[PDB]
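Only one chain is shown below, in structure tokens, and it's the form deposited in one PDB entry.
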């Protein structure tokens, strides 16, 4: 029932959005809508691949970073949990967060310690998974009862990294400033960085800048969950929000999460 002008307008709007995704550095990201005639999600936002810092936020200084030099040939050898200085932040059931497959081990907690730029290992160091980025080709699609969602296009073994939740790092102060502006917003892309000390009170907002994950939906039976991966082991005022698959993800399966913090990880209870 759309008239020529509108129909063309929508056409062009969807194509613009597809253009925008083509410019994402990484595996493919596609846009589909088999439900209605909505072109695509709002274009008023920019895809990024690194946090965008904002006024008033003091980022962890890299200058005071610890760098492991336990890089023999390959990476750091996942058999030497007692050689890395990236792991010195805790010694109990000591081990690298990942296995050989690059998947997140089942005995790994809600905290991942990856190698820094101050380490001597190459980018292939088995302890630089998150840093390497997405590897799964994803598709933004229109769900029937919920807004837009994202499903995988490939099978993902539980424990597979997916992507970090990117966006502007704002102080819980301005956070609330924006909360005073959220009108009839169906979704409010806020993510508090309070895994540790609550003094920093920093939050990630993907309202205007973010990653594909800014399209992920909440759910009760999620297939992905946040893993606080840190590189500046000494200052966790800011860290990476990593999404890993908690269970096998079937191709074309929608990805969903529900942050519970370290209050769903370490407890079988």
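Only residues modelled in both forms are compared. Residue numbers count along the first chain shown, from 1. What we label the rigid core is the largest C-alpha set whose atoms superpose within 1.5 Å from one form to the other.
Of the other compared PDB entries of this protein that include residues on both sides, all give residue 262 atoms, none of them, and so not a third, leaving it without. Omission of residue 196 is seen in none of the other entries compared for this protein where the adjacent residues are built, far below a third. Mean C-alpha B-factor is higher over 59-67 than over the other stretch, the pair under comparison being 59-67 and 24-32.
Of the two segments, 213-221 and 40-48, the one listed with the higher mean B-factor is 213-221 (C-alpha atoms only). Of all the options 120, 163, 127, 143, the entry's greatest CA B-factor is assigned to 120. Each of 116, 131, 135, 181 has a CA temperature factor in the record; the biggest one is found at 181. When the modelled residues of the chain are ordered by C-alpha B-factor, residue 104 sits in the middle third. Ranked within its chain, residue 148 lands in the lowest third, by CA B factor from the PDB record. Residue 139: CA B factor lies in the lowest third for its chain, per the PDB record.
Looking at the C-alpha B-factors along this chain, the one for residue 207 belongs to the lowest third.
Although it is not shown, the form deposited with a partner chain bound is what the next lines describe.
Stretch-level contact analysis of 119-127, 195-203, 136-144, 78-86 against the partner chain in the deposited bound form, using heavy atoms and a 4.5 Å limit, identifies 195-203.
Taken together, the three residues 110, 179 and 188 all lie with some non-hydrogen atom within 4.5 angstroms of the partner chain in the deposited bound form.
The partner chain is not drawn, but in the deposited bound form it has a heavy atom within 4.5 Å of residue 246. Though the partner is left out of this view, residue 226 does reach within 4.5 Å of the partner chain in the deposited bound form, counting heavy atoms only. Within this chain, residue 241 lines the site of the partner chain in the deposited bound form, having a heavy atom no more than 4.5 Å away. Interface membership of residue 259, defined by any non-hydrogen atom within 4.5 Å of the partner chain in the deposited bound form, is confirmed.
After superposition on the rigid core, the single residue among 223, 217, 200, 228 whose C-alpha moves by 2 Å or more between the shown form and the other one is 200. Segments of at least three consecutive residues in which every Cα is displaced by 2 Å or more between the shown form and the other one, once the core is aligned, are found at 3-8, 90-93, 183-186, 197-200, 259-262.
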